[PDB]
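K.L.:
return atomic coordinates for the entry below.
(6 chains, ligands or ions: 2)
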Amino acid sequence: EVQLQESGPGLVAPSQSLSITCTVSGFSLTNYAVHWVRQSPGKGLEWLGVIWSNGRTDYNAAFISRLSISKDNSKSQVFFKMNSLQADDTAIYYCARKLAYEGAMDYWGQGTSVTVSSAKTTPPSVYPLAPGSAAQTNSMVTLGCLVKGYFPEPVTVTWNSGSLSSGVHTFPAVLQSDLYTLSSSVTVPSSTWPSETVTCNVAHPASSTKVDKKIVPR
Amino acid sequence: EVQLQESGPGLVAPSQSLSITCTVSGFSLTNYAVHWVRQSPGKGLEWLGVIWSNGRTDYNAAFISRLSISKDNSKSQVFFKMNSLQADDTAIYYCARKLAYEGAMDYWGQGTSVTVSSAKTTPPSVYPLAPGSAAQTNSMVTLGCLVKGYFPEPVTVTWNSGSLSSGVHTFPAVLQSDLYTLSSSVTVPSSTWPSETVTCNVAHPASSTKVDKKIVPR
Amino acid sequence: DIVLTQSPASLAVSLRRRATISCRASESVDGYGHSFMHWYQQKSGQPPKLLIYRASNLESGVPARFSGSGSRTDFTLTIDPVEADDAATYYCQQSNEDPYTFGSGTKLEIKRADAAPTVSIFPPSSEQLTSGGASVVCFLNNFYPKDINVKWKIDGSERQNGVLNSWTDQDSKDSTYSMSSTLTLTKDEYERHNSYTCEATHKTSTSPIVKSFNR
Amino acid sequence: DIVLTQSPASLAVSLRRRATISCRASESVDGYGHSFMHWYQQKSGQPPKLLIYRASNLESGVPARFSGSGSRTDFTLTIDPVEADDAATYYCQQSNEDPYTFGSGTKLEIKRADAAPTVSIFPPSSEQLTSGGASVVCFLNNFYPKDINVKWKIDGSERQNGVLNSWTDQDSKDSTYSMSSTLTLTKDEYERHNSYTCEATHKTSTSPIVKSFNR
Amino acid sequence: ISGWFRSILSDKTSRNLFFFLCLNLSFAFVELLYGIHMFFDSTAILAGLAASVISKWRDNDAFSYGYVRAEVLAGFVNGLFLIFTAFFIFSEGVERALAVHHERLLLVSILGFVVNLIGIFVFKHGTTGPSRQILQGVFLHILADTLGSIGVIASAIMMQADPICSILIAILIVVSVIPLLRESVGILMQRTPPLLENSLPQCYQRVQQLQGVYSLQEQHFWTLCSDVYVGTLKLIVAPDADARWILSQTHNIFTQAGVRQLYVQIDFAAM
Amino acid sequence: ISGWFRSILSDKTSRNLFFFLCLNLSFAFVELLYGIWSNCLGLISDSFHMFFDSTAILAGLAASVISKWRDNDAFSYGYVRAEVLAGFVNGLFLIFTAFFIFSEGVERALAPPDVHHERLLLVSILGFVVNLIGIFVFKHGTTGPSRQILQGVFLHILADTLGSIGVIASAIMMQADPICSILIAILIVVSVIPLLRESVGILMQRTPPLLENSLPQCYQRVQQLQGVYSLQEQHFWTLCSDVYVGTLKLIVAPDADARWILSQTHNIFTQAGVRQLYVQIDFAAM
Ligand SMILES: [Zn+2]
Ligand SMILES: [Zn+2]
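P.N.:
Residues are numbered from 1 along each chain as shown, chains lettered A, B, ... in the order given. Ligands and ions are numbered 1, 2, ... in the order given. Please see the structure below:
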């Protein structure tokens, strides 16, 4: 049950500091090292640094001047601080436990997307997505909801709170006018809809938006 | 997915050999060690031996003369051979993977019970056991099937092939006249029975018995 | 050989309290700053599960409620808080000298509010009637504590020759106990006789629970 | 710094086949009989998963179909047989010299017989009409291969100014692809026109699949 | 300057060596006053006192082990000094045979023999712990000095041969100093300690019996000072061997054998 | 027996030392044949002088032969320290040779020994010629145990030349030799001092002078390795001439890569010239 959770700000304006806290479970920080790794499309995977059991920390040679990693064994949290952000550091940061006695990282955490921009957080506007005409109905019918008007990444779209996890296709988002557009599709049996209600729960951790909305046919 | 499976004879008559083959998956025998531990009710847990990656083996000082452990890296099986089986050798034999760089064992396999006696194998006689009168029915109604006349241990009793696993009570067996009796009890909703069929499949690996019995109310 | 003695042999602890299991070694299992003492957990019908290695290190994937302490001969396994799932047998193992040895396990009994058994008696079945024998089972389910007695009355007659009893372990879900009483009789021994009643004497009720059949 | 170059950048392999990914190191990552090169697997939207540590040792809990080999500067990751779940990006990481450096990942593509996309068109919804804009999106689901183009017909006219395309990566169950095409419109030019159709060019059928509505 | 006497007063072996240096320095002044080998003897016990002084100095970067090998070097140089003293005494006996003033009849040699008797009564003996070698050196030196004293009154006995007595004393003191030079050469050549050599195959078989140890190699043991043994060792172990336990057991096994400083390198085999 | 001459023919320096030993043995025979006459007064004197010379070169040759022997249980490191021991003993020989020639000059100044017909004068020319042929022959400027054998005998022959020209200066004076004896003794002791200092440094387990400068940088580099907490009990010393033996203890993290740390430490100290290295790695408790 080894768990690594990270909590950091999704949006950080350029030339300020970024603070990420990695909370660990299932193992002790008094006998394990935690590495910090970020992944961005432009630079692939990059290694930031490592914090050891006694507090010794080894950083990357390029990032030595603007990186600081701390630790506390009591509440099992590793604090990641990086100063003077630019647009380059827009990457998915991970905290990973070091594989014991080897130089690899066995257990990672769900990476937190950190975006460096001067714009403002926008809560999403979710719109359902329904067939135009109730004609040519087959055994399988496509359905979805469109999420337009949010910043920054990410947005979690969940159908019926995970009850219907089959046939989901959450397409990757795209950038236009300094703004993200997201599309989601779920396929449901024609006997089920509209006999059974279908909703998508759209989660935006940056704006703390948990709007839940039902699909109404026309 | 680290898996260790032992396969050996349930009965070994006194003063012949016992051969157990431990099949491992999820790790490689080329860089991991396998210990052998047996749990005799009276002698508690006992460490028998260990086989290392290069084939070096270390045995207990008590059993060194009559114990031999082999390994094949290719098919990932560890062979446990022991001569001179007496009555005190009756124990549940485990093959366990050695925790890397520590003196403990992290992953154990489901032990195989080995009984040393001159008695012969007896297939079980399973009798479905039902309430005498369909009176004083409550929200809960107890049900069970009785397993009598089998040798040796163990016998697996499962309700509806594991579909219903709540309320099961598989009682430990006892010895009488060089034979075993096992009793199983389960509670089921009174609306479910006898509306829905309830069967117990009784497994005796020694006699290869897979008799399935229906509960019939009187 | 290093003999490991565990005290107490059995321990009773309620929910959410503290459980302490101590292991004592005849000679030291300590070398150069490390104590090579390991703690295992064995639930019923399961292989032992490693909790602590080297007497202070939690195995990856175990809950933080398990703790280890001690050095040289003395060691302590501490559970805080105690879960209902923590009802099992705990062993201390040393790896300091060959051969590896385990300590006599300490059984952790879970203390909880007393529950009355659900007494049920099932008459012998037709196929075992054709088998030539007779066996009547007496089931007591979900009762606390473990101390309970079965009294066999057959038209008000008491017998103890063929009374067969078996106890299950404490459950990991509701921390209860189950008890099965079996009475084996021959064909005539069952056929001459009519009423079979099981009597369950348990502390929570001075009046024992009566369930019977007449056949 | 030790740079790591992986060849090929993307690999296409069918089911039950053999897939080989090679990692090339500028400097040797070997020391005293051990090579400190590690292999990671990163599927769709989860952090990378360790497969091989020190270039020849399988991580405990991963399938045996993964294999590692190599020394000095040449290393090879082999999947045999290749399942549908193995559609991921594979990275090689060296730990022989500070700082730790990864390689540019290699994407594994699970080759399979072509499948026809399930084209569906959905009109803009009422409350986003109240929002002042219009967005019509056509969904293409479960198709092979990835080379498909979408043609937007508005009353027999072609527009490419507001066409927005999103591409999903290969699914782990049936190794298919899904594609979402969005066309963003304002109120006036949505109300002026009446027919909107989305079309699909796909290799398995020269005849395009057209889904339309007339609102 | 001043601290040297305080260090001399601190050590008991350095305490005798200072006044014993004072007696011949007085004996040199008396002999020089009469005059209007021995200064060599003054040099030898000067090295004996200097070794006892240098020996307990603290370690630094240049001398990682301290200065405890100065005692072995002093025993070695005393043995070489006595070898050369015997050879020159042989030569002097040859000159005596080939070629009388008798001032004081050389009766001062009797009181000299008394001084050597006092020395043999006083110097009779039988990281740290750095004193065994100087005592043996001064003891066999003063024994050679008593034999040289017997040479002259053997000559006095015969004149009422002294070359033959010189032969006898030279051969006897060479035989006496042979064991000291043998031990010093053994120590200075990084030879396995003779007291530790018999226990080493047992220790090798005990370390090989440890769980997970594959091969044992590059075993080097040697003597530092007198009772301090330094050992180096390399182990090949299993890929998943308990290296903490193997290290602790190896250290215990070789500590029970008498090794004070031990370095065990553990290599993990590839299968 | 016979294998020694098969060993004496294996090495250039060994055969040169054997030729030198045979030459002074022949000199000893002829000098003895001269001293069985009545002119033995100084003949026996320089006879035991050259006898010492022969013992010195014999010790050098014995060390040169022994230094190639294989290792055994008693001598774990081999016999490579015989070279250093020979250098040390030859330096000591030259120190007591200085003292002996000091005594010789003193007795030459004090007592007139002149019962002779200058036979030694021509013999002194032969000794000087022998010293010159030696100085021409012996001009130089696990394994590899040969750097110190040459220097000791070369220094000894340099002394022998000075002892030879001492009597030439005496003959020049008579037509003072104690002054020449003082000068030659001081000069050969000054020449000897570096050899004795190097031999004492090697034989006292001192950090090699060619290694002492690089060791702080090596310690800093090993400290910078990932997971290394501390670095302690560092001992480096010279075995024979170019072989440095190092012992080191590391305290690392509870889960540090001991394989990588060991390989990197071996690389770091091998680049500095430490051929034999033992790295003990201790996993710290938290
Ligand atoms: Zn003396
Ligand atoms: Zn000479």
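K.L.:
and the residue most central in space within chain C, how far from residue E:113?
P.N.:
For chain C, the residue nearest the mean C-alpha position is residue C:169 (3.2 Å; Cα atoms, centre = their mean). Here residue C:169 is placed at a distance of 94 Å from residue E:113 (Cβ to Cβ, to the nearest Å). To be clear about C-beta, it is placed using only N, CA and C from the backbone, and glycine gets the same treatment.
K.L.:
for chain A, what lies in contact range of chain F?
P.N.:
Counting by Cβ under 8 Å from any Cβ of the partner chain, the residues of chain A close to chain F are A:30-33, A:50, A:52-54, A:56, A:58, A:98, A:100-103.
K.L.:
can you check chain C too?
P.N.:
Close to chain F, as judged by Cβ under 8 Å from any Cβ, chain C has residues C:32, C:33, C:34.
K.L.:
does residue C:212 touch residue C:199 like I think?
P.N.:
No. Contact between residue C:212 and residue C:199 fails when scored by Cβ atoms under 8 Å: they sit 9.5 Å apart.
K.L.:
more crowded one of those two?
P.N.:
A count of neighbours by other Cβ atoms under 10 Å in any protein chain shown puts residue C:199 above the other of residue C:212 and residue C:199, at 17 against 13.
K.L.:
assign that one to helix, strand or coil.
P.N.:
strand (DSSP: H, G, I helix; E, B strand; the rest coil).
K.L.:
can you name the residues bridging to it?
P.N.:
residue C:151, residue C:210 (DSSP bridges).
K.L.:
look up how far residue B:171 lies from it.
P.N.:
Distance from residue C:199 to residue B:171, by Cβ to Cβ: 19 Å.
K.L.:
briefly note if the longest helix along chain E comes near chain F.
P.N.:
What stands out as the longest helix in chain E, according to DSSP state H, is helix E:70-98. Yes. Helix E:70-98 comes into contact with chain F (Cβ under 8 Å from any Cβ), by way of E:70, E:73, E:77, E:80, E:84, E:87, E:88, E:91, E:94, E:98.
K.L.:
which helices and strands does that helix pack with?
P.N.:
Contacts defined by 3 or more Cβ pairs under 8 Å, 6 or more residues apart in numbering or on different chains; DSSP states H and E place helix E:70-98 against helix E:38-54, helix E:133-159, helix E:162-188, helix F:40-66, helix F:82-110.
K.L.:
do that helix and ligand 1 meet?
P.N.:
No. Counting by Cβ under 5 Å from the ion, ligand 1 has no neighbours in helix E:70-98; the shortest distance is 6.0 Å.
K.L.:
measure the residue in chain C that chain E sits nearest to to residue E:244 for me?
P.N.:
Chain E sits closest to residue C:31 of chain C, with a gap of 3.0 Å, by Cβ to the nearest Cβ. From residue C:31 across to residue E:244, the span is 7 Å (Cβ to Cβ).
K.L.:
which ones are touching the closest residue to residue E:106 other than its chain neighbours?
P.N.:
Leaving aside its sequence neighbours, residue E:106 sits nearest to residue E:152 (Cβ to Cβ, 6 or more residues apart in numbering or on different chains; 6.3 Å). Each residue near residue E:152 by Cβ atoms under 8 Å, 6 or more residues apart in numbering or on different chains is listed here: E:106, E:109, E:162.
K.L.:
re the thing from before, more crowded one of residue C:31 and residue E:244?
P.N.:
The residue with more neighbours, out of residue C:31 and residue E:244, is residue E:244; 22 against 18, by other Cβ under 10 Å.
K.L.:
the more buried one: what's it in contact with?
P.N.:
B:101, C:31, C:32, C:34, C:36, C:54, F:283.
K.L.:
going through these, which ones are buried?
P.N.:
Buried by 16 or more other Cβ atoms under 10 Å in any protein chain shown: B:101, C:31, C:34, C:36, C:54, F:283, out of the contacts of residue E:244.
K.L.:
just want the phi and psi numbers for the closest residue to residue E:209 other than its chain neighbours.
P.N.:
Using Cβ to Cβ, 6+ apart and skipping residues adjacent in sequence, the residue nearest residue E:209 is residue C:98, 7.7 Å away. In terms of degrees, to the nearest 10, the main-chain angles of residue C:98 are phi -80, psi 140.
K.L.:
can you tell me how far the residue nearest to the residue nearest to the centre of chain C when sequence neighbours are not counted is from ligand 1?
P.N.:
For residue C:169, the nearest residue in space outside its immediate sequence neighbours is residue C:44; the separation is 4.1 Å by Cβ to Cβ, 6+ apart. Separation of residue C:44 from ligand 1 (Cβ to the ion, to the nearest Å): 86 Å.
K.L.:
same question for residue C:195.
P.N.:
Taken as Cβ to the ion, the span from residue C:195 to ligand 1 is 118 Å.
K.L.:
before we move on, what about residue E:159?
P.N.:
From residue E:159 to ligand 1 the distance is 24 Å (Cβ to the ion).
K.L.:
stretch C:96-111: end-to-end distance?
P.N.:
This stretch, stretch C:96-111, spans 35 Å end to end (Cα to Cα, to the nearest Å).
K.L.:
and that stretch, what's buried?
P.N.:
C:96-110.
K.L.:
widest-spaced pair of those?
P.N.:
C:98 and C:110 (36.8 Å; Cβ to Cβ).
K.L.:
if we take the contacts of residue E:244, which one ends up nearest to chain A?
P.N.:
Set against chain A, the nearest of the contacts of residue E:244 by Cβ to the nearest Cβ is residue B:101 (5.8 Å).
K.L.:
how about the residues of the stretch 101-250 of chain E that lie near ligand 2?
P.N.:
Counting by Cβ under 5 Å from the ion, no residue of the stretch 101-250 of chain E is near ligand 2.
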